[PDB]
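Note that we place each Cβ from the backbone using ideal geometry, even for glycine, and neighbour counts take in every protein chain shown. Basis: the model, the stated rules and, where named, an outside source; no laboratory instrument gave them.
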Amino acid sequence: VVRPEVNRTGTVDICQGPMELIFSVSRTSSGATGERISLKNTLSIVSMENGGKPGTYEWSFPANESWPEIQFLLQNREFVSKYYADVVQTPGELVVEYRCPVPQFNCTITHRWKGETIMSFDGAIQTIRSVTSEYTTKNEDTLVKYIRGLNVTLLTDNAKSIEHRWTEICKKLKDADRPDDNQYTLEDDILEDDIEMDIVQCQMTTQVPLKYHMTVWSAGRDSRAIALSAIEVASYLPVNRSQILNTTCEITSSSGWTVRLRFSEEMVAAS
Amino acid sequence: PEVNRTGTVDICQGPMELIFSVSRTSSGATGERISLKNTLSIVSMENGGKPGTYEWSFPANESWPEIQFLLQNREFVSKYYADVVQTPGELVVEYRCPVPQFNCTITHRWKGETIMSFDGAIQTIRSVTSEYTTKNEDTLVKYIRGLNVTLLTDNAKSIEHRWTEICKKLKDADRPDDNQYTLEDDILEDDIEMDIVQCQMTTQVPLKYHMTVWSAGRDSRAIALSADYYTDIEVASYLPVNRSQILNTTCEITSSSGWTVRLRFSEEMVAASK
Ligand SMILES: *[C@@H]1O[C@H](CO)[C@@H](O[C@@H]2O[C@H](CO)[C@@H](O[C@@H]3O[C@H](CO)[C@@H](O)[C@H](O)[C@@H]3O)[C@H](O)[C@H]2NC(C)=O)[C@H](O)[C@H]1NC(C)=O
Ligand SMILES: *[C@@H]1O[C@H](CO)[C@@H](O[C@@H]2O[C@H](CO)[C@@H](O)[C@H](O)[C@H]2NC(C)=O)[C@H](O)[C@H]1NC(C)=O
Ligand SMILES: *[C@H]1O[C@H](CO)[C@@H](O)[C@H](O)[C@H]1NC(C)=O
């Protein structure tokens, strides 16, 4: 455990600018399912994992299955299962994602297969990217049944109600975003059998689902490891044990702050 | 076939770059390619075959040091793969090399995703190790920097000269009217409101191509990029279309040399209940 050095220069207002809600609905070959709601600069705030109850964080409203945004997700779970069942003929994850300006809700929808975009729709242009064989023996006509996704009437009927709720949620997220309350770790001695080489681990634990970018730099800054949040953030750098000192870790948030940790001579001595 | 050559560039201008791509699969399939910065591969080898190239170029000579550098990397990647990769997938090592000044960049890709890189001063690992390796980042870093480019630097100017001539022959070979273009419906035989319009282009010129098939309203499109099947160039795109709106579906092909080819599904072409 290590104490953060908080560089706040380049701080942004996460609740500033136009509001955007991101609805992500995924399915794998196993039958694993996910439904998530995020904001523009956040990871998942409300989620449902393999058909469980809507889950969230202790700094926000309890997640309610009767909320019109979650009813939207549940309808999509159904849609994606039917979708998955005709089209998908090789194993892999299918992701349908709505990017929704609020209070309209003229949404963009992206379809990803194994992380790649196979289709999209901005309500003006439908796009199919030509890679079908990769994941199906069915043709573009089948695919185009699903391209537009589901109607968003549930969202637009309650458009304003949804807005004031997620403005409230973002405001709670901003209040919870306290960099000094996250937990920070700088572990060495991960290669116990290697006499000359070691791995330096940097980890952060948080209950705030902002996007995080973690870089572990070597002493000379000629070697780095990069991780992104997925809520644990962890990254691992191979290092020479005689150059473990001054190896740093830098973490930047989606709210604009930057934490740096340093492997000090205090920590070298105790090792 | 409606060719537009406004904006055509000189693909052999600016500083030259050679791109060396070397791949291995779990089943032991392999690929080694050389391309310029604005092309797909010009020389390639597939599953250990002899170098293959195009009708317009020098016969691919296996004794060329650039090609020896590819075979040398075949050995590197086999060793790399054996002790790093513990789950099925394609590993690609890619050198981006300025010529004649061979201060190269190297990228590593697993399943199409970048896992490691070394540019000038800085080695980068992206921490996704525990998805392709049971082993540790200290194993990886044995391979990050790749091979010494000594085969390339020893022969720097000869390579520059050879590839300057290959680039000119390619630039000369790039002749849109000598490519083969097809625009075709009647793919969906048992469909009442729907058809598929297929746009295809066959070429011996390994430029990068971007293909869009547009509906009559420019409100629906299919996009295909030229894919490189090892000295084999596929550009094919398929657009689902309402049969009643098939007229004026247009296909639009753009090359990395700057030209665009439009193919329109014309009134004349609709006249056909064959
Ligand atoms: C969803 O609806 C919003 C509006 O409610 C659309 O946003 C608007 O998009 C237009 C066209 O891109 C923007 O107009 C542009 O404005 C810039 C800056 O002033 C100007 O220089 C450009 O020439 C252009 O006219 C407009 O700013 C923007 N409005 C707002 C309030 O954001 C959006 O495009 C819709 N999205 C979808 C997926 O349909
Ligand atoms: C389909 O596209 C063709 C080609 O653009 C259209 O033909 C044009 O029609 C206008 C009006 O008569 C003329 O000004 C152009 O000179 C024509 N172009 C050519 C090349 O013949 C045609 O109008 C379109 N068809 C439909 C049904 O809209
Ligand atoms: C190496 O070549 C020269 C050195 O001055 C420079 O222009 C270039 O940025 C370098 N290239 C890379 C990618 O290492």
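Residues that are under 12 Å from the mean Cα position of the chain (by Cα) and part of a loop (DSSP other than H, G, I, E, B) within region B:228-255 comprise B:229, B:230, B:231, B:232, listed in sequence order. With respect to being under 16 Å from residue B:170 (Cβ atoms), more than 16 Å from ligand 1 (Cβ to nearest atom) and either among the basic types (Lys, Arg) or assigned by CATH to the domain that holds residue B:203 (or both), residue B:79 falls outside the description. If a residue has to be part of a strand (DSSP E or B), more than 10 Å from chain B (Cβ to nearest Cβ) and over 14 Å from residue A:44 (Cα atoms) to count, how many in region A:207-227 make the cut? Residues meeting the conditions: 1.
Whether any residue in region B:184-193 is away from ligand 2 (no atom under 16 Å from the Cβ) and part of a strand (DSSP E or B) is what I want to check. Looking through region B:184-193, at least one residue is away from ligand 2 (no atom under 16 Å from the Cβ) and part of a strand (DSSP E or B). In this structure, is residue B:270 crowded, with 16+ Cβ neighbours inside 10 Å and β-branched (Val, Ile, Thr)? Here the answer is no, as residue B:270 does not meet what is asked.
Being within 16 Å of ligand 2 (Cβ to nearest atom) and within 13 Å of another protein chain (Cβ to nearest Cβ) holds for only one residue in B:199, B:251, and it is B:251. Residues that are surrounded by fewer than 18 Cβ atoms within 10 Å (Cβ to Cβ) and acidic (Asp, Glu) within region B:91-130 comprise B:113, B:119, listed in sequence order. Of note, residue B:138 satisfies the criterion of being under 25 Å from residue A:233 (Cα atoms) and out of contact with any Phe, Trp or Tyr (no Cβ under 7 Å at 6 or more places or on another chain). Looking across region B:157-192, the residues that are more than 24 Å from the chain's Cα centre (by Cα) and either under 30 Å from residue B:8 (Cα atoms) or among the aliphatic types (A, V, I, L, M) (or both) come down to B:157, B:158, B:184, B:187, B:188, B:192. Note on region A:1-58: enclosed strands (runs of 3 or more DSSP E) holding 3 or more residues that are under 15 Å from the mean Cα position of the chain (by Cα) are A:20-27, A:33-39, A:46-49.
Note on region A:101-173: enclosed strands (runs of 3 or more DSSP E) holding 2 or more residues that are within 13 Å of chain B (Cβ to nearest Cβ) and closer than 22 Å to residue B:241 by Cβ are A:116-121, A:126-129. Looking only at residues in region B:228-245 that are touching a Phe, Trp or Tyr at 6+ places or on another chain (Cβ under 8 Å) and within 14 Å of chain A (Cβ to nearest Cβ), the one that is nearest to ligand 2 (Cβ to nearest atom) is B:239.
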